[PDB]
Each structure stands twice: as structure tokens, then as C-alpha cells.
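Text of model_13.cif, listed as mmCIF, C-alpha atoms and all ligand atoms:
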```cif
data_entry
loop_
_atom_site.label_atom_id
_atom_site.label_comp_id
_atom_site.auth_asym_id
_atom_site.auth_seq_id
_atom_site.Cartn_x
_atom_site.Cartn_y
_atom_site.Cartn_z
CA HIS A 4 -85.11 100.81 69.22
CA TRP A 5 -81.48 100.09 70.06
CA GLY A 6 -78.98 100.28 67.24
CA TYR A 7 -75.51 101.58 66.44
CA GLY A 8 -76.17 105.31 65.85
CA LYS A 9 -75.47 108.41 67.94
CA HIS A 10 -78.72 108.39 69.93
CA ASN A 11 -79.33 104.61 70.14
CA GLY A 12 -75.86 103.02 70.00
CA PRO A 13 -73.74 101.11 72.54
CA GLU A 14 -73.36 104.04 74.99
CA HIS A 15 -77.17 104.15 75.35
CA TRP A 16 -77.89 100.43 75.73
CA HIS A 17 -77.53 100.38 79.53
CA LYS A 18 -80.75 102.36 79.98
CA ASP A 19 -82.99 99.58 78.63
CA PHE A 20 -80.48 96.83 79.40
CA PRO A 21 -78.71 97.64 82.71
CA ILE A 22 -76.64 94.43 82.43
CA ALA A 23 -74.66 96.45 79.81
CA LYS A 24 -72.57 97.61 82.81
CA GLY A 25 -72.32 94.09 84.22
CA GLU A 26 -69.43 91.99 85.47
CA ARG A 27 -68.90 89.81 82.40
CA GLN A 28 -69.72 91.86 79.32
CA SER A 29 -68.43 91.24 75.81
CA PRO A 30 -66.51 91.92 73.68
CA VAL A 31 -63.15 92.57 75.33
CA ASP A 32 -59.66 93.41 74.25
CA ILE A 33 -57.48 90.29 74.28
CA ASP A 34 -54.10 91.25 75.74
CA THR A 35 -52.05 88.44 74.27
CA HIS A 36 -49.19 88.79 76.75
CA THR A 37 -51.52 88.54 79.79
CA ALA A 38 -53.51 85.56 78.45
CA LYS A 39 -52.19 82.38 80.01
CA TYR A 40 -51.80 78.99 78.31
CA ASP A 41 -54.16 76.56 79.99
CA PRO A 42 -53.09 72.90 79.99
CA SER A 43 -56.54 71.99 81.47
CA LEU A 44 -58.26 72.78 78.16
CA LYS A 45 -59.31 69.64 76.27
CA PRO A 46 -58.97 69.51 72.46
CA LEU A 47 -61.59 71.76 70.72
CA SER A 48 -63.96 69.87 68.44
CA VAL A 49 -65.89 71.62 65.70
CA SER A 50 -68.13 69.05 63.96
CA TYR A 51 -70.09 70.72 61.20
CA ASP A 52 -70.35 67.81 58.68
CA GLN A 53 -74.15 67.52 59.10
CA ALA A 54 -74.97 71.23 59.48
CA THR A 55 -78.27 72.06 57.77
CA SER A 56 -78.85 75.70 57.06
CA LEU A 57 -82.39 76.87 56.49
CA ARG A 58 -82.60 80.54 55.86
CA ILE A 59 -80.82 83.88 55.86
CA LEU A 60 -82.40 86.89 57.52
CA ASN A 61 -81.70 90.68 57.71
CA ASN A 62 -82.82 91.47 61.26
CA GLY A 63 -81.98 95.17 61.07
CA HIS A 64 -78.70 94.81 63.02
CA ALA A 65 -76.87 92.15 61.01
CA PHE A 66 -77.81 89.16 58.87
CA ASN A 67 -78.25 85.70 60.40
CA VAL A 68 -77.70 82.38 58.61
CA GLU A 69 -79.98 80.04 60.54
CA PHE A 70 -79.69 76.36 61.08
CA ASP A 71 -82.10 73.56 61.77
CA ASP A 72 -81.07 72.75 65.31
CA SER A 73 -83.82 70.13 65.93
CA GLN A 74 -81.38 67.17 65.69
CA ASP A 75 -77.89 66.61 67.06
CA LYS A 76 -75.78 67.75 64.13
CA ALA A 77 -73.43 70.79 63.91
CA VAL A 78 -71.80 70.60 67.34
CA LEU A 79 -69.06 72.35 69.25
CA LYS A 80 -67.44 70.55 72.19
CA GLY A 81 -64.12 70.21 74.00
CA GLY A 82 -61.83 73.09 74.82
CA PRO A 83 -63.31 74.98 77.78
CA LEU A 84 -66.74 73.42 77.25
CA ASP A 85 -68.48 70.86 79.37
CA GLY A 86 -70.75 68.72 77.20
CA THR A 87 -72.12 69.56 73.76
CA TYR A 88 -73.25 72.82 72.19
CA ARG A 89 -75.41 72.94 69.07
CA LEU A 90 -75.13 75.47 66.23
CA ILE A 91 -78.21 77.68 65.80
CA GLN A 92 -77.02 80.64 63.69
CA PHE A 93 -74.07 82.64 62.49
CA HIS A 94 -73.71 86.30 61.69
CA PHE A 95 -71.01 88.94 61.32
CA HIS A 96 -70.10 92.40 62.62
CA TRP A 97 -68.21 94.73 60.29
CA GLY A 98 -67.04 98.25 59.68
CA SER A 99 -67.52 101.14 57.31
CA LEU A 100 -63.77 100.91 56.54
CA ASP A 101 -61.32 98.01 56.52
CA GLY A 102 -59.58 99.41 59.62
CA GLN A 103 -62.46 98.63 62.00
CA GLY A 104 -65.36 96.25 62.37
CA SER A 105 -64.41 93.53 64.82
CA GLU A 106 -65.88 93.37 68.31
CA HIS A 107 -63.00 91.63 70.02
CA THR A 108 -59.62 93.25 69.58
CA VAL A 109 -56.17 91.70 69.88
CA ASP A 110 -53.66 93.97 71.65
CA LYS A 111 -56.06 96.78 70.65
CA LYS A 112 -55.98 95.77 66.95
CA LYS A 113 -59.34 95.93 65.21
CA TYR A 114 -60.01 93.54 62.35
CA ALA A 115 -62.25 94.37 59.36
CA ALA A 116 -65.03 92.08 60.60
CA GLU A 117 -65.83 89.27 62.99
CA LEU A 118 -67.85 86.09 62.43
CA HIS A 119 -69.91 84.67 65.34
CA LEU A 120 -71.04 81.03 65.21
CA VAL A 121 -73.65 80.77 67.97
CA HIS A 122 -74.26 77.51 69.85
CA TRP A 123 -76.50 76.49 72.77
CA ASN A 124 -75.74 74.00 75.50
CA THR A 125 -77.80 70.90 74.82
CA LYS A 126 -78.23 70.21 78.55
CA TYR A 127 -80.83 73.06 78.49
CA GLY A 128 -83.03 71.69 75.72
CA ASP A 129 -83.24 74.73 73.44
CA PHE A 130 -81.81 78.20 72.94
CA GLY A 131 -84.51 79.99 74.96
CA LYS A 132 -83.82 77.98 78.13
CA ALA A 133 -80.06 78.16 77.51
CA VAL A 134 -80.08 81.97 77.70
CA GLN A 135 -81.35 81.71 81.26
CA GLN A 136 -78.07 79.97 82.26
CA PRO A 137 -74.48 81.14 82.97
CA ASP A 138 -73.11 78.36 80.70
CA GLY A 139 -75.98 78.42 78.22
CA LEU A 140 -74.10 79.50 75.07
CA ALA A 141 -70.78 79.14 73.30
CA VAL A 142 -69.86 81.58 70.57
CA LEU A 143 -67.01 80.77 68.25
CA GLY A 144 -65.56 84.06 67.04
CA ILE A 145 -63.41 84.34 63.93
CA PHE A 146 -61.69 87.50 62.73
CA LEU A 147 -61.83 88.63 59.10
CA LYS A 148 -59.06 90.58 57.38
CA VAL A 149 -59.17 91.96 53.85
CA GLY A 150 -56.88 90.21 51.38
CA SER A 151 -57.52 87.06 49.36
CA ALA A 152 -61.17 86.06 48.79
CA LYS A 153 -62.74 83.37 50.95
CA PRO A 154 -64.37 81.07 48.38
CA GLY A 155 -66.70 79.51 51.00
CA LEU A 156 -68.12 82.95 51.81
CA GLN A 157 -69.24 83.78 48.28
CA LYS A 158 -72.62 82.02 48.52
CA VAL A 159 -73.49 84.26 51.47
CA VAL A 160 -72.26 87.37 49.63
CA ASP A 161 -74.35 86.57 46.56
CA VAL A 162 -77.64 86.22 48.47
CA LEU A 163 -77.31 89.60 50.23
CA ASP A 164 -78.88 91.44 47.30
CA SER A 165 -82.18 89.68 48.18
CA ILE A 166 -82.18 90.67 51.85
CA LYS A 167 -81.06 94.28 51.53
CA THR A 168 -83.46 95.67 54.10
CA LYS A 169 -84.66 94.95 57.66
CA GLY A 170 -87.14 92.09 57.87
CA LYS A 171 -86.24 90.49 54.55
CA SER A 172 -85.42 86.79 54.59
CA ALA A 173 -84.57 84.15 51.97
CA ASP A 174 -84.24 80.37 51.72
CA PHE A 175 -80.66 79.42 52.32
CA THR A 176 -80.20 75.70 52.35
CA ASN A 177 -77.10 73.57 51.99
CA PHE A 178 -74.63 76.17 53.16
CA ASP A 179 -71.52 74.56 54.68
CA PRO A 180 -70.03 76.65 57.53
CA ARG A 181 -66.83 74.55 57.33
CA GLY A 182 -65.89 76.84 54.42
CA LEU A 183 -65.58 79.76 56.87
CA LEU A 184 -62.96 78.22 59.21
CA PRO A 185 -59.23 79.02 59.27
CA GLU A 186 -56.63 76.22 59.30
CA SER A 187 -55.77 76.52 62.98
CA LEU A 188 -58.11 76.09 65.92
CA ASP A 189 -55.74 77.90 68.31
CA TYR A 190 -57.98 80.10 70.49
CA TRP A 191 -58.47 82.35 73.46
CA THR A 192 -61.40 81.79 75.80
CA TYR A 193 -63.15 83.74 78.56
CA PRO A 194 -66.65 84.03 80.12
CA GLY A 195 -68.75 86.83 78.68
CA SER A 196 -72.04 87.95 77.24
CA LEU A 197 -74.11 88.54 74.13
CA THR A 198 -72.67 91.61 72.40
CA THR A 199 -76.11 92.93 71.40
CA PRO A 200 -79.17 93.56 73.56
CA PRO A 201 -80.31 91.76 75.65
CA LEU A 202 -76.56 91.48 76.52
CA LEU A 203 -77.17 88.33 78.58
CA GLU A 204 -74.23 86.88 80.50
CA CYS A 205 -74.48 83.32 79.21
CA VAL A 206 -71.56 82.96 76.84
CA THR A 207 -68.34 80.99 76.86
CA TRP A 208 -66.39 82.90 74.21
CA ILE A 209 -63.92 80.99 72.03
CA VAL A 210 -62.04 83.41 69.78
CA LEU A 211 -59.75 81.91 67.15
CA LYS A 212 -56.29 83.40 66.83
CA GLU A 213 -55.98 82.89 63.07
CA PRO A 214 -58.13 85.24 61.00
CA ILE A 215 -59.73 84.28 57.70
CA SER A 216 -59.04 86.44 54.67
CA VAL A 217 -61.93 87.81 52.65
CA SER A 218 -61.67 90.06 49.63
CA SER A 219 -62.35 93.76 49.57
CA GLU A 220 -65.19 93.01 47.12
CA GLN A 221 -66.77 90.55 49.57
CA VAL A 222 -66.79 92.98 52.52
CA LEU A 223 -67.97 95.80 50.24
CA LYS A 224 -71.08 93.74 49.60
CA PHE A 225 -71.76 93.45 53.36
CA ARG A 226 -71.62 97.25 53.43
CA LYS A 227 -74.44 97.53 50.82
CA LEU A 228 -76.94 96.08 53.31
CA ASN A 229 -79.35 98.44 55.03
CA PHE A 230 -80.32 98.85 58.70
CA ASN A 231 -83.66 100.32 57.54
CA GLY A 232 -86.65 98.47 56.08
CA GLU A 233 -87.89 98.56 52.46
CA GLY A 234 -89.19 102.00 51.46
CA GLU A 235 -87.40 103.75 54.34
CA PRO A 236 -84.51 106.30 54.17
CA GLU A 237 -81.29 104.43 53.46
CA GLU A 238 -78.89 103.92 56.33
CA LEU A 239 -76.10 101.56 55.33
CA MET A 240 -75.54 98.57 57.62
CA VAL A 241 -71.96 99.35 58.66
CA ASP A 242 -70.18 99.66 62.00
CA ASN A 243 -72.53 97.20 63.67
CA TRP A 244 -69.94 96.37 66.34
CA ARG A 245 -69.90 96.97 70.09
CA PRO A 246 -66.55 98.26 71.38
CA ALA A 247 -64.44 96.42 73.93
CA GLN A 248 -65.89 96.39 77.47
CA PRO A 249 -64.12 96.30 80.85
CA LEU A 250 -62.45 92.97 81.63
CA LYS A 251 -63.26 93.29 85.34
CA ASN A 252 -62.82 90.05 87.30
CA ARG A 253 -61.77 87.88 84.33
CA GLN A 254 -58.86 85.93 82.94
CA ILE A 255 -58.43 85.09 79.30
CA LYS A 256 -56.98 81.62 78.68
CA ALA A 257 -54.97 80.52 75.63
CA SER A 258 -55.24 77.06 74.09
CA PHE A 259 -51.70 77.25 72.71
CA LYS A 260 -48.15 77.81 73.93
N1 LIG B 301 -84.53 87.19 73.90
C1 LIG B 301 -83.37 87.22 73.09
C2 LIG B 301 -83.30 88.10 71.99
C3 LIG B 301 -82.15 88.13 71.18
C4 LIG B 301 -81.08 87.27 71.44
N2 LIG B 301 -80.01 87.38 70.62
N3 LIG B 301 -79.12 86.38 70.45
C5 LIG B 301 -77.82 86.71 70.27
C6 LIG B 301 -76.96 85.71 69.82
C7 LIG B 301 -75.61 85.99 69.66
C8 LIG B 301 -75.08 87.27 69.91
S1 LIG B 301 -73.35 87.57 69.76
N4 LIG B 301 -73.20 88.91 68.89
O1 LIG B 301 -72.81 86.44 69.06
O2 LIG B 301 -72.89 87.82 71.11
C9 LIG B 301 -75.96 88.28 70.33
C10 LIG B 301 -77.33 88.00 70.50
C11 LIG B 301 -81.15 86.40 72.54
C12 LIG B 301 -82.30 86.36 73.36
K K B 302 -76.19 107.15 61.23
K K B 303 -82.25 94.62 65.08
ZN ZN B 304 -72.25 88.72 67.18
#
```
Show me, as C-alpha cells, the structure contained in the file I just sent.
Amino acid sequence: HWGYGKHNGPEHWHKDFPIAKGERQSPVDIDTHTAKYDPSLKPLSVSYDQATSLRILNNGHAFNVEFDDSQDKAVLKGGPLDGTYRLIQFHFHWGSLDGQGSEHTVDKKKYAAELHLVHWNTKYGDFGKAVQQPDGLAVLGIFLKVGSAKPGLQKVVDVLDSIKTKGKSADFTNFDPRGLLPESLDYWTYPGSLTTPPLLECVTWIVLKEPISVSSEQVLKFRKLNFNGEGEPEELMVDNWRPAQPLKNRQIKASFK
């Protein structure tokens, strides 16, 4: 029954998930001055031309846009990655107010929200086997700030009314995640974890430096979602972010000078 509240939120997770206090937990604060440019990083390749979305789901902690990952399509490679990683889902974390909501921070700055595009390493055959591996996953993280609308986000916004409550899902085909990407692929990268239980330490994080802008109206619609199920007392789905965790024995690398 983990969640984001007082009695079940991030400070409680370690009881059921002791890895919460592990050596490579996420998210982290990205100290931009300490991050070092890495000339060993290969160009990052985001190839989403053939991405095939299937469905959108309110899982009671966020909403997931799911992809058919049965064929080699929507792939992430290059950068810090060895081999090819396949897109399985994306989701967001966001705040109750524009001043908070991101999981990663940049010199302690919190963005209004953060998009996570989740990929599994194809060497491991599927997502379930990949999460048993230290290099099983790559998550592409993208910050959201409130300003101009993101036109490519609107289709997601408009379907949220149909998945208000935990356990609701809806068909969501033909969504193009290319419409969610900023111009620049400049990034920071480090080894980390899932940011929700089970908090598994499988993730190569790739966090883009350039945020996307979304409108106040768009993020307000995220905030109308519910953590609770249909017929249950309303608890708005807001502040579904884990705070920054200790960096410990890690270096953050920059893809740019
Ligand atoms: N058994 C199991 C259950 C839930 C799992 N969740 N997958 C996740 C995928 C991505 C993230 S995140 N917020 O992108 O780090 C967090 C969790 C993964 C494995
Ligand atoms: K609450
Ligand atoms: K949940
Ligand atoms: Zn996430």
C-alpha cells in the first residue's frame, strides 16, 4: 500500500523495500558544475518513428501510456548505452503547484513535472528479465516547465477524463511520443534505480537538459486525476514524486561541453 502520503510515502518505502536505502537510488540532484563532460559518450539515438502505443492506464500512482514492445520499433541507443533498448511505457510525475513536481533536480531546482520514457535492454528478452539486471533499463527523463502549450501532449491530456481513477484504462493507439521531445538531446547520465517501489537498481538514467514547455491548463488536467479508485473518497493525484536521494559513490556525466 505504498503511495505518496504521510503514512505511506517515500520516507516509509524502505520498510517493504530495503533497497530504498541502497547505493544507487534515484532520483538525484544534478549538480551541473560537478558533472563532467564525457568524450567517451557516443551520439544518443532516439528512434521513435515506428512506436505503436496501445493503451493508457491509471495505476493509482501515475498514468502509463503503454507500447507494443513485441517487435523492434521505438528504440533508444547510443550515448552511455551498450546495445539497444526498447520503449515499453511512458508516464509523468508532477506537483500540486507549478513550483514542484520533478524527481530529478538541477542545482536543486524543481521543475513542474518530469516525463519518464522507459526502455528495456533487448539483450534480456523482455522487461521482466531486464529488471533482474544492473543494465536492464534505460529511462529517458524530460523536465516540464509551465509556459507555452505542448501541442503533442494534448491527446494525452484529453483522454485523462476517461481514466480519472485507479484501475481505469482506455485504448490509446497511434500516439507519437516524438511530439514530447525538446529540440536538443543534450543530457546528463548516471546509474540509478526505479523511482517507485520496487526501487530496483537497474537503470541507466539519461536526463535531458532542455525542458519542454506545457501550458498551465495542460498540467492542471494532470492534477484532476485521482489516486483512489471509482466510488472511493477523492484524493487528487498530485505530488507523485520521490525526492532526490543520496548520490553516494556516483558520478554524473554530461554529453555536452
Ligand atoms: N515487479 C515490478 C513492478 C513494477 C515495476 N515498475 N516499473 C517502473 C518503471 C519505471 C519507473 S521510473 N519512475 O521511470 O523510475 C518506476 C517503476 C517494475 C517491476
Ligand atoms: K493526502
Ligand atoms: K500504484
Ligand atoms: Zn517515473
Set out as a tab-separated table a contact list for segment 53-74 of chain A and segment 122-137 of chain A with a cut-off of 12 Å, giving each residue of segment 53-74 of chain A that qualifies its closest atom pair and distance in Å to one decimal, counting all atoms listed in the file, ordered by chain and rising residue number.
```
residue	atom	partner	partner_atom	distance
A:69	CA	A:122	CA	11.2
A:70	CA	A:122	CA	10.4
A:71	CA	A:129	CA	11.8
A:72	CA	A:129	CA	8.6
A:73	CA	A:129	CA	8.8
A:74	CA	A:125	CA	10.5
```
Selection as a PDB file with C-alpha atoms, in the coordinates of the input: residues within 9 Å of ligand K 302 (chain B) by only C-alpha atoms and all ligand atoms:
```
ATOM      1  CA  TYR A   7     -75.510 101.580  66.440  1.00  0.00           C
ATOM      2  CA  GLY A   8     -76.170 105.310  65.850  1.00  0.00           C
ATOM      3  CA  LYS A   9     -75.470 108.410  67.940  1.00  0.00           C
ATOM      4  CA  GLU A 238     -78.890 103.920  56.330  1.00  0.00           C
ATOM      5  CA  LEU A 239     -76.100 101.560  55.330  1.00  0.00           C
TER       6      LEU A 239
END
```
Can I get the residues close to ligand K 303 (chain B) as a ChimeraX atom specification, where close means within 9 Å and we count only C-alpha atoms and all ligand atoms?
/A:4-6,61-65,169,199,230
Keeping only C-alpha atoms, take the residues you just selected and write them out as a CSV table (one decimal), keeping the file's coordinate frame.
```
chain,number,residue,atom,x,y,z
A,4,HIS,CA,-85.1,100.8,69.2
A,5,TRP,CA,-81.5,100.1,70.1
A,6,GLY,CA,-79.0,100.3,67.2
A,61,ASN,CA,-81.7,90.7,57.7
A,62,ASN,CA,-82.8,91.5,61.3
A,63,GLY,CA,-82.0,95.2,61.1
A,64,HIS,CA,-78.7,94.8,63.0
A,65,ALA,CA,-76.9,92.2,61.0
A,169,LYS,CA,-84.7,95.0,57.7
A,199,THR,CA,-76.1,92.9,71.4
A,230,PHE,CA,-80.3,98.8,58.7
```
Ligand ZN 304 (chain B): which residues are within 8 Å, counting all atoms listed in the file, as number ranges by chain?
A: 93-96, 106, 117-119, 197-199
Selection near segment 33-35 of chain A, 12 Å with only C-alpha atoms, sequence-local residues under 6 positions removed, as a ChimeraX atom specification:
/A:106-113,190-193,208-212,247-250,253-260
Mind checking which residues fall within 7 Å of residue 241 of chain A, counting only C-alpha atoms, ignoring those fewer than 5 positions away in the same chain, and posting them as a ChimeraX atom specification?
/A:97-99,226
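Here atom CA of residue 156 of chain A stands at a distance of 7.9 Å from atom CA of residue 217 of chain A.
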How many Å lie between atom CA of residue 141 of chain A and atom CA of residue 23 of chain A, rounded to one decimal?
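Spanning atom CA of residue 141 of chain A to atom CA of residue 23 of chain A is a straight-line distance of 18.9 Å.
Interatomic distance, atom CA of residue 202 of chain A against atom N4 of ligand LIG 301 (chain B): 8.7 Å.
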Emit as AutoDock Vina command-line options the padded axis-aligned box for all listed atoms of ligand LIG 301 (chain B), 8 Å per side, with centre and edge lengths in Å to one decimal.
```
--center_x -78.7 --center_y 87.3 --center_z 71.4 --size_x 27.7 --size_y 19.2 --size_z 21.0
```
So which one's closest to residue 60 of chain A, A:188, A:142, A:78, A:162? Using all atoms listed in the file, please.
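Using all atoms listed in the file, the shortest distance to residue 60 of chain A belongs to A:162.
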Rank A:251, A:153, A:167, A:158 by their smallest atom-to-atom distance to residue 185 of chain A, using all atoms listed in the file, and report the top residue only.
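Closest to residue 185 of chain A of all the choices is A:153.
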Would you list the contacts of residue 150 of chain A as a list in words, taking every protein, DNA or RNA residue within 10 Å and counting all atoms listed in the file, but skipping same-chain residues closer than 3 positions in sequence?
residues 147, 153, 215, 216, 217, 218, 219 and 220 of chain A
Counting only C-alpha atoms, find residues at most 10 Å from (-72.0, 105.2, 68.8) (file frame) and give them as a ChimeraX atom specification.
/A:6-15,242-246
Neighbours of residue 160 of chain A within 9 Å (only C-alpha atoms; same-chain residues fewer than 2 positions away dropped), as a count of residues only?
10
Identify which of the residues A:116, A:91, A:79, A:149 lies closest to residue 57 of chain A, counting only C-alpha atoms when measuring atom-to-atom distances.
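Distance minimum relative to residue 57 of chain A lands on A:91.
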A:89, A:214, A:206, A:39: which is nearest residue 151 of chain A, counting all atoms listed in the file?
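Residue with the minimum atom-to-atom distance to residue 151 of chain A: A:214.
You can rank A:30, A:36, A:83, A:240 by their closest distance to ligand LIG 301 (chain B) using all atoms listed in the file, and at the top of that list sits A:30.
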